[PDB]
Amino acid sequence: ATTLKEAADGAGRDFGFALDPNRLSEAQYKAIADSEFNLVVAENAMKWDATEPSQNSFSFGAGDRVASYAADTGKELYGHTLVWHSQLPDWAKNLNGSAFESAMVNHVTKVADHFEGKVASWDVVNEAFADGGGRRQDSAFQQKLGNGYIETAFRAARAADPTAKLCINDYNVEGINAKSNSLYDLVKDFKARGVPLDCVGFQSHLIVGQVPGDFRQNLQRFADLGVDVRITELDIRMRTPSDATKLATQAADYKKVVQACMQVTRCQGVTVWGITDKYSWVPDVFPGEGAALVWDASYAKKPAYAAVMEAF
């Protein structure tokens, strides 16, 4: 193949990227986006703060722009998170009990209903667990609604969009540990009780040379529960600046991740969180680290490119 899209296509798998609609006006960005991927997801356009800035006041502008792009270029559309503790408008954080639940139910219904027929999969709930097991405590949803909020979100989503794949997404759950265990118990329980849940997303915000050795083993156990798995926000950061060795290691890491997916029949594909290091979110969140994506700040293919290519 000449592009990563063909490699993914030939493998019968998805290979997507996080889209920032405002970058489509940049020739090189659009060029790569058009030819290297077969799936697209909104980096921020479909989140709560972007879709419902004020209670009941929805703004689907940017969201629609992403959906239009997918439809116009023939790529699958991945919906990014309906329920998430981060990037939640203050008006929502100010609501409580009944009112807060009604707002959550309404947000899930309106957003899912609006993109019905466009998005193939949804990150219904994102990052509900805490590192080290258990539910996260700094979540407005966990605090105000308790344990049953996630089930309510999945049931509300299925009602608004009866055909979209409803997924649960999280990070630091790639390998077997206390967090992925709590997630495992949840998926197992939901499927046993018939709660609408079709997929599990593994963020995969990894560090160079530290790819979980039991990655595929972990992916497989979830797949055995009767659900699809997917690598949702892949990027492998390193200590900047980059050098030959760091890039060589990063290339081997990207390979391991894709191979793991290729080894699990239910792994739908891999989505890298962005196109070029020039726009990567890493440096702003992880001070001193970066160079996490496949294309550098000059839009030049890094050693990771060929690795992903042959991994497929």
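Residue numbers run from 1 along the displayed sequence.
Report the stretch with the higher mean CA temperature factor, choosing between 239-247 and 26-34 on the basis of the entry. Mean C-alpha B-factor is greater for 239-247.
On mean C-alpha B-factor from the PDB entry, just flag whether 72-80 or 90-98 is the higher one. According to the entry, 90-98 carries the higher average C-alpha B-factor.
Pick out which of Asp123, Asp198, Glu116, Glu151 has the highest C-alpha B-factor in the PDB entry. The record points to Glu116.
Of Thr276, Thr271, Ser57, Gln268, which one's C-alpha B factor is largest in the deposited record? So the option with the highest C-alpha B-factor is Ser57.
Per the entry's values, where does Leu39 land by CA temperature factor relative to the rest of its chain, in the lowest, middle or highest third? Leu39: CA B-factor falls in the lowest third of its chain.
Chain-relative CA temperature factor third for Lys188: Answer is highest: the recorded C-alpha B-factor places it there.
Lowest, middle or highest third - CA B-factor, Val173: Its C-alpha B-factor, which the entry lists for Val173, ranks in the middle third among residues of this chain.
Within this chain's modelled residues, let me know which third the CA B factor of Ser204 belongs to: lowest, middle or highest. Lowest third of the chain for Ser204's C-alpha B-factor.
What third of its chain, lowest, middle or highest, does the C-alpha temperature factor of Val108 fall into? It belongs to the lowest third of the chain when residues are ordered by C-alpha B-factor.
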